[PDB]
Amino acid sequence: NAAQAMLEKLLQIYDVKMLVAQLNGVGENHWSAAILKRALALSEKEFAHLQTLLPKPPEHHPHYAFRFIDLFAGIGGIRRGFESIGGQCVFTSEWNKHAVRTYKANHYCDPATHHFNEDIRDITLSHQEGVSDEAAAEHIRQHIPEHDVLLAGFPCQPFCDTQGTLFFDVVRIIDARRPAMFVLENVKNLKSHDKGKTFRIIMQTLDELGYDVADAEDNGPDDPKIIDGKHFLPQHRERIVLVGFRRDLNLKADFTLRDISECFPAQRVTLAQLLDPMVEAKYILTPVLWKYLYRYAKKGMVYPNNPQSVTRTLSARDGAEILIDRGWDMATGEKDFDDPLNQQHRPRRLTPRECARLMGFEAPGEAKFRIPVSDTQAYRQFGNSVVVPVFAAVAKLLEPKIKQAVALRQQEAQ
């Protein structure tokens, strides 16, 4: 009966074609989609191999340090940091079906203690005018469990004041559930958006909810709420981070995101360290694509052997945009672009896994991160993601505060 249980979980994540290929790769039996479906309605090493395609629970399972939810979860960028400090994810909302597949491939999700939602309005009922605020709150609580830390990456939309936006849905959820803390991620320029109206309305809304936001009054060009991944990984990637503390709990104390610098690694990961020395040929640019990309570059090239690539930080400006040199001669390209000899040295694109390392989902040298989707979807996913070690650092700063909050409610239960 357990074999049918694994297959249903596997089919949420992987294409039938991939599972069939994986089963054939074990080299014991011949498999097809139809035969796989038959088995879903046969064992030994095949079972063992399929196990390696699913994430294991953390080492401390089933005992967790605190509870959190994951809104606009993507592929789990914000989740990783908090799972790392013993957190239990008890609810995830993510609209993008392919992102959900990558999420499920890398995060253990027990349906007895966790729920997925696709469309958040289905829970908040924000599109239903006739539902009262209290009835909506009661409805939200049916779907979203009690939690200590709310995590959200919401989209930047212009603006009872927040109505007609996804920010409103997040606010409805914070009000219905009153987590001890929240962490919201947003675009670096949030402060400038709509002549400052968006940031002002967001901060005022959060304050009126009863939350103290870290560094709320520190809004100059050195704003500590703006954190760049460049401190952890070799690319410029800034997001604004809004950390809130429920005021009645008095947890904030001296907390400040200025302390983030304590979390910076001793030595930063280099661009060179993230690259696989051997890559499939399909990553080499096609002759036509190189014609496109070359003219663009004239109207980001990495030289992994040039000493500078130990130092350099890729701008904000991967498996398309970021290119790895394979010995193209500039002068020859200028004289005769189609030179058959120089054409053996077209640059290559980053692979999805190298993009995973660039974003912090994958350690240098390692291949633990599961990518169950197409290269195209994977690039999109990594492009849309938070920088993992930024939020791991934030979680580390919050850990003592989170432990205090859990202690408070456990004592509040007596």
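Residues numbered from 1 in each chain as written, not as in the entry; some residues may be left out. Heavy atoms only, no water.

Caption draft 1: Quick look at the packing of aromatic side chains. All told, the structure shown has 16 aromatic pairs when counted by the stated rule. Between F361 and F369, the ring centres sit 5.2 Å apart and the planes meet at 55 degrees, which makes this aromatic pair tilted. For the pair formed by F361 and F369, the shared burial category is buried. Through a chain of ring-to-ring contacts, three or more aromatic side chains come together here, namely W290, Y294, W328 and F337. Over the ring of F116 we find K104; its NZ or CZ atom is 4.8 Å from the centre of that ring. (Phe/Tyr/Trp six-rings, centres within 6.5 Å; stacked < 30°, edge-to-face > 60°. Buried < 20%, exposed > 50% of the residue type's maximum accessible area, 1.4 Å probe, protein only. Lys NZ or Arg CZ within 6 Å of the ring centre and 35° of its normal.)

Caption draft 2: Just the nonpolar core, in detail. With 62 residues, the main nonpolar core has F82, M181, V243, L257, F382, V394 and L398 as its most contacted residues. Of the residues forming this core, the biggest block, 11 residues, is contributed by helix α15 (residues 388–412). Setting aside residues no more than four positions away along its own chain, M181 makes contact with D148, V149, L150, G244, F245, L251, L398, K401, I402 and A405. By size, the runner-up hydrophobic cluster in this structure holds 30 residues, among which are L150, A152, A176 and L184. (Core = buried A, V, L, I, M, F, W, Y, C linked by side-chain atoms within 4.5 Å. Helix = DSSP H or I, 4+ residues; strand = E, 2+ residues; numbered from the N terminus. Contact = heavy atoms within 4.5 Å.)

Caption draft 3: Focus on the side chain of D218. Tracing the sequence through the fold places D218 in the loop between β6 (211–213) and β7 (226–228). Engagement of the side chain of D218 in a polar contact is seen with the side chain of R258, the distance being 3.0 Å. Leaving out residues up to four positions away in the same chain, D218 has contacts with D223, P224, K225 and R258. (Polar contact = N/O pair within 3.5 Å; in protein donor to acceptor, adjacent residues only side chain to side chain.)

Caption draft 4: Focus on the sheet that holds strand β10 (residues 323–324). The three strands lie next to each other as β9-β10-β11, forming an open sheet whose pairing is mixed. The strands lining the two open edges of the sheet, one partner per strand, are β9 (301–302) and β11 (348–349). Both β10 and β11 contribute to a ladder of two bridges, which runs antiparallel. Residue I324 lies in a different strand from β11, and its bridge partner there is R348. (Pairing = 2+ DSSP bridges.)

Caption draft 5: Up close: helix α11 (residues 287–298). Taking 1.5 Å of rise per residue, the 12 residues of α11 would be expected to cover 16 Å, and the 17 Å separating its terminal C-alpha atoms lies within 8% of that figure. Buried within α11 we find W290, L293 and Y294. In a view along the axis of α11, the buried residues occupy a sector of 105 degrees, so they form one face of it. Among the structural elements, β9, β10 and α12 (330–335) are those in contact with the buried residues of α11. (Expected span 1.5 Å × (residues − 1). Arc of directions from axis to C-beta.)

Caption draft 6: Quick look at empty space enclosed by the protein. One number sums up the size of the largest cavity: a volume of about 110 Å³. Lining the largest cavity are 13 residues, with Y64, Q88, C89, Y108 and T113 positioned closest to its centre. Broken down by secondary-structure element, the contributors of at least two residues to the lining of the largest cavity are α5 (77–83) and β2 (87–93). Broken down by element, the lining of the largest cavity gets its largest block of residues, three residues, from β2. There are two domains that each give the lining of the largest cavity at least three residues, and those are domain 1 (1–64) and domain 2 (65–265 + 368–414). One number sums up the size of the second largest cavity: a volume of about 40 Å³. If you trace the second largest cavity, you find it lined by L271, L274, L275, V302, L314, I322, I324, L350, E354 and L358. Across the lining of the second largest cavity, the residue classes break down as nine nonpolar, no polar and one charged. (1 Å grid on protein atoms, 1.4 Å probe; cavity = no way out; pocket = protein on both sides within 12 Å on 5 of 7 lines; lining within 4 Å. Points joined across faces, edges and corners; volume = space filled by probe spheres on them. Domains from an automatic or database assignment. Nonpolar A, V, L, I, M, F, W, Y, C, P; charged D, E, K, R; others polar.)

Caption draft 7: Here's a closer look at the domain arrangement of the protein chain. As assigned here, the protein chain comprises domain 1 (1–64), domain 2 (65–265 + 368–414) and domain 3 (266–367). Centre-to-centre separation of domain 1 and domain 2, based on C-alpha positions: 32 Å. If you look at the interface, domain 1 gives 15 residues, while domain 2 gives 16 residues. Summing the contributions of domain 1 and of domain 2, the shared interface buries around 1300 Å²; its carbon and sulfur component is 54%. Joining domain 1 to domain 2, the criterion identifies one salt bridge. The tally of links from domain 1 across to domain 2 stands at five residue pairs in polar contact. Here the side of domain 1 that touches domain 2 is built from residues that sort into eight nonpolar, four polar and three charged. (Buried area = accessible area lost by both parts, 1.4 Å probe. Salt bridge = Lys/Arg side-chain N within 4 Å of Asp/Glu carboxyl O.)

Caption draft 8: Geometry of the pairing of strand β1 (residues 66–71). Among the six residues of β1, five are classified as buried, and the element is accordingly described as predominantly covered. As paired strands, β1 and β2 are joined by six bridges and run parallel to one another. For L71, the partnering residue across the bridge sits in β2 and is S93. Where the polypeptide runs from β1 across α5 and back to β2, its parallel neighbour, the crossover connection is right-handed. Examined bridge by bridge, β1 and strand β4 (residues 149–153) share four bridges and lie parallel to one another. (Right-handed = clockwise from strand over helix to strand, strands pointing away.)

Caption draft 9: Focus on helix α2 (residues 16–25). The complete set of buried residues in α2 reads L19, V20 and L23. The buried residues of α2 all sit within an arc of 100 degrees when viewed along its axis, so they share a single face. Turned more than 90 degrees from where α2 packs its buried face, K17 and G25 sit exposed. Where α2 is buried, its residues contact α1 (2–11), α3 (33–40) and α4 (45–51).

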